[PDB]
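Using ideal geometry, Cβ is built from the backbone for each residue, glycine included, and neighbour counts are taken over all protein chains shown. A short reminder: the numbers here are calculations on the coordinates, not readings from a lab.
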Amino acid sequence: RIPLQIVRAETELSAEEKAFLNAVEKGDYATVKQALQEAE
Amino acid sequence: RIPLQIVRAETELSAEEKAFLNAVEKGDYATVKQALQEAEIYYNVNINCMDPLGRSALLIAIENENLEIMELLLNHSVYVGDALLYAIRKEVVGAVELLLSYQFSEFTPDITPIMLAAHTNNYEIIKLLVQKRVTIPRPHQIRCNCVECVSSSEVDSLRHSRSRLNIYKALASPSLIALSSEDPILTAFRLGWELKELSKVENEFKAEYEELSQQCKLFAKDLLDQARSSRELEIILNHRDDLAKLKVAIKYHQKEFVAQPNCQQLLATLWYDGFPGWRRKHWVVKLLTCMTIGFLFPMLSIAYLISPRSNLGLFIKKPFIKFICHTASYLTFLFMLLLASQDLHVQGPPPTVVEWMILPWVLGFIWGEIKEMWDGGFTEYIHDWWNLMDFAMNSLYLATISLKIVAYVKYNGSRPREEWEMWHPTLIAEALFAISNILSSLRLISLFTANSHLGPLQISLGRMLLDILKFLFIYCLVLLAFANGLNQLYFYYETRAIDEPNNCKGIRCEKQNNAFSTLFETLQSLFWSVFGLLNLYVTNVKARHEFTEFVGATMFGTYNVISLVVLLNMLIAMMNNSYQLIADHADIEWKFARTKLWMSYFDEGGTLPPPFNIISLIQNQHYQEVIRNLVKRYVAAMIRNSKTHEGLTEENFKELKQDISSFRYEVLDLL
Ligand SMILES: CC(C)CCC[C@@H](C)[C@H]1CC[C@H]2[C@@H]3CC=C4C[C@@H](OC(=O)CCC(=O)O)CC[C@]4(C)[C@H]3CC[C@]12C
Ligand SMILES: [Ca+2]
Ligand SMILES: [Zn+2]
C-alpha cells in the first residue's frame, strides 16, 4: 500500500471562513456584506 | 415485416413515480419535497427506484449539480452507493464535500474514490480526498512471478490487467504527483520509465501506457517550465540524493525535459565557458576562431601536460576548446591516413614514416576506448552504439599491426607481387588497413550532432535506417530464393577458367561468365543486377538449349521486376512515410543528442586528445522550497489553462437550464 498525504502542507481555512469564500463564489451580496460588517 | 419488442424486459415505473423523477429532472423543490413527505406516510413512491436511462433521483440531482435537492434526498436517506464516485467523475466539489460529509454500475469494482479522482485529474477533489488518509495499493514488479500475481493472472486475466492499468493511471496523475511526493520531478522520471517498460511488455495495452508515459514526461517538462530564475533552474538541475538531476534525466531519456529552452541556455553558457560572447558573433570570425584553436591543439595539449595551472594549461579544460582539440587531432589523423596512400615488392616490409606517425594515434584510440570502458562501466559502454564501430576500428588496427609484424618477422626477401600467395599476410594486412580506413573516415558522422543544420538530418537518417533494416530482411529472402533457383538451373553448365578467352572466371571479368554456377557467385550476380552492372548475356550457355535459356532469362527478369520495380519503390514510399513522423520531433531529439555530446566533454577524464593521452541538508531544503513554489505555479498555470481551453459540453447547457428551471419553480412558489 502507498500512503497518501500532503507533503507540502499549507494553512487551512476555518468553517466560517470557507463559508465566506463560498458565499463570494455564489455571489450572495447580502451574505458577503453581512460577513464583512460582522468581521469589522 | 419485422416485429419490434423489448427482448430484455425490465421493470417499468408507475405514473406518480415517473412524475417524481420528472420533477427531480426539472428541479421543482416544492414538488420533490412534497412527494418525499407523502412517500414517508403512504409508502406509494419508491425513492430509490431507477429510470429508463440508468439513473436514480440522487444521480439526477448529482449530474444536474442541484445541491439543494441533493441534500434533501440525503436528509431523506435515499440509497447512497456509487453516488460518491458519480460526484467524483462529475467534478462537482460541492457534491463531493456533501457526500463525504454524509446493482448496475458503469464503474469497475476496483474503482476507489482516490483512483477515480486521479483519473479525473481535478486538483481540488484529489486534495480533499487526500486530506483523509486514503491508500492506493502498490503495483508489483514488471516481471513479478509471485504466487499472488500468477493466481490473479490465472483466475481472471482481464480483471488483473484492468486493475494494474487502473493503478498506473491513478499513479500517473499530474495532480497526484504534485501532491504526496517528496520529489515530483524524480517521481515523474521513474514513473515514465516504468510506464515505458510496461508498454514494452504488455503488447495489447501498448497505446495507453505510451500515453501515460508521455503525460508524465509532459508534466515534468511543464514543472521545469514554471521556473522563473536562474538560481531555481540550477538548484533543480544540481540537486542530488554537478548537474545530477540533468544526468538522471538523460539516463531516463526525458527528451522533453532536456530540450527545455532554459536548460539548453544554461548548458550553452556552460559550453562556451572561455568565450562569453560567442552567441553574438559573425560567421567569419567564428570560423576564424575555430581554425585558430584547431591549429594549436599540440601546443594546448603540451601546455596541459607541462603545467595545468596556467593561462594555457587550463584553457583546454573548457568544453568547447576540448571539443575543438579532439576534432582537430582526429582530422589530422585522417589527413595522415590520406597521406599514407600516396619499394612495393618487399615481403613484409618495415613501416614507413607515415605509419610510424600513425601508430601512436592508434595506441591512443585503443587506450581511450579501454579507459572509457574501465571508467564508465559496461551498460554505459554498450548503450552508446558508436562504441561498436569504435571496437571494430580498434580490432582491425590491431589485426593490421599483428599481421604486419608476422610478415616482417617471417619474410625477408624481395619477390614481386605477381607470384605472391593469395592468402599472403601482407595482403591480408593491407586489406584490413583499408577497411579500417573507411571505418575511421565514417566515424565523422558522430560530429554532425554538434552542428545546427546537420543534427536533425543525422537524426532523420538514424530513424530511417530502421525501416531500411526492416526492408533488408524481405530483400535478402528474395535474393536467397532467386539465387537458389538460378543455381539449380545453371550449375550443370559450369565451365573451367582455362576455357575462357583471358583465363578469368566470374562476373568481375571483361566478358562476364558463370554468373549462376555456384551459390556465392549467384548471390554476387543477383546483387550486382540491382545496380545494372550485370550484363544480359550472363544468361547464356554454349549449348543450344533455348528452352533452358528462356527459363533462366525469365527468372532473371522476374527477379529484376520484384527488386527494382516493386521493392525499391516500396522502400522509397516507406522512408517517405517515416520521414514525416520524424520531422516533428527532430528538433527535440537533436537537442537531446547535442546535450549528450556536450555532457560527454564536461568530465576531466579523456581531456587529452590522442596521441597525447598515452604520454548537506541545506541543498535538500532549498530544493524542497523551489519545488514547492514550482508546484504552486504549475497548479495555478494548469487551472488557468483549464479555464482557457474549450472544455464545454451540453453538460453546461443543461446545468444552466437546471438553474433557470429551479429558479422558475422557486419564484412561481414564492409569488
Ligand atoms: C564533406 C566535404 C565538405 C569534405 C570535408 C570533410 C571534413 C573536412 C568535414 C566534413 C564534416 C565536417 C564537420 C561537420 C560539423 C562540424 C561541427 C562544427 O561545430 C559547429 O557546428 C559550431 C558550433 C558549436 O560547436 O557550438 C565544427 C566543425 C565540424 C566538426 C566539421 C569539421 C570538418 C568536417 C569533418
Ligand atoms: Ca567511444
Ligand atoms: Zn507479485
Is it the case that B:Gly413 is more than 14 Å from chain A (Cβ to nearest Cβ) and within 16 Å of ligand 1 (Cβ to nearest atom)? no
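Can you name every residue in the range B:96-115 that is surrounded by 17 or more Cβ atoms within 10 Å (Cβ to Cβ) and more than 14 Å from chain A (Cβ to nearest Cβ)?
The answer is B:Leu99, B:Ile111.
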So B:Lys127 fits all but one of (1) within 30 Å of B:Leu191 (Cβ to Cβ); (2) more than 14 Å from every other protein chain (Cβ to nearest Cβ); (3) touching a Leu at 6+ places or on another chain (Cβ under 8 Å); what number is the exception? (2)
Which condition does B:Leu58 not pass, out of (1) away from every other protein chain (no Cβ under 14 Å); (2) surrounded by fewer than 16 Cβ atoms within 10 Å (Cβ to Cβ), if it passes all the others? (2)
Residues to consider are B:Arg159, B:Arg190; find the one that is within 14 Å of chain A (Cβ to nearest Cβ), in a helix (DSSP H, G or I) and surrounded by fewer than 17 Cβ atoms within 10 Å (Cβ to Cβ). B:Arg190
Within the range B:164-180, can one find any residue that is among the hydroxyl-bearing types (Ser, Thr, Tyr), within 16 Å of ligand 3 (Cβ to nearest atom) and either within 14 Å of chain A (Cβ to nearest Cβ) or over 35 Å from the mean Cα position of the chain (by Cα) (or both)? yes
For the structure I just gave you, tell me whether A:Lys33 is at the interface with chain B (Cβ under 10 Å from one of its Cβ atoms), assigned to a helix (DSSP H, G or I) and loosely packed, with under 13 Cβ neighbours inside 10 Å. no
Restricting to the range B:561-599, give me the number of residues that are touching a helix residue (DSSP H, G or I) at 6+ places or on another chain (Cβ under 9 Å) and among the polar types (S, T, N, Q). 4
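Yes/no matrix, rows are residues, columns are (1) within 16 Å of ligand 1 (Cβ to nearest atom); (2) assigned to a loop (DSSP other than H, G, I, E, B):
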site: B:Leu223; (1), (2): no, no
site: B:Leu233; (1), (2): no, no
site: B:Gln264; (1), (2): yes, no
site: B:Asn311; (1), (2): no, yes
Take the conditions surrounded by fewer than 15 Cβ atoms within 10 Å (Cβ to Cβ) and within 14 Å of chain A (Cβ to nearest Cβ) and apply them to B:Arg231. Does it pass? no
Scan the range A:1-25 and report the pairs whose first residue is within 12 Å of chain B (Cβ to nearest Cβ) and whose second residue is charged (D, E, K, R) and not in a loop (DSSP other than H, G, I, E, B), with Cβ atoms within less than 7 Å and a gap of 6+ or a chain change. A:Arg8/B:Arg628
Limited to the range B:111-155, what total is found for residues that are in a helix (DSSP H, G or I) and either over 30 Å from B:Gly647 (Cα atoms) or within 16 Å of ligand 2 (Cβ to nearest atom) (or both)? 9
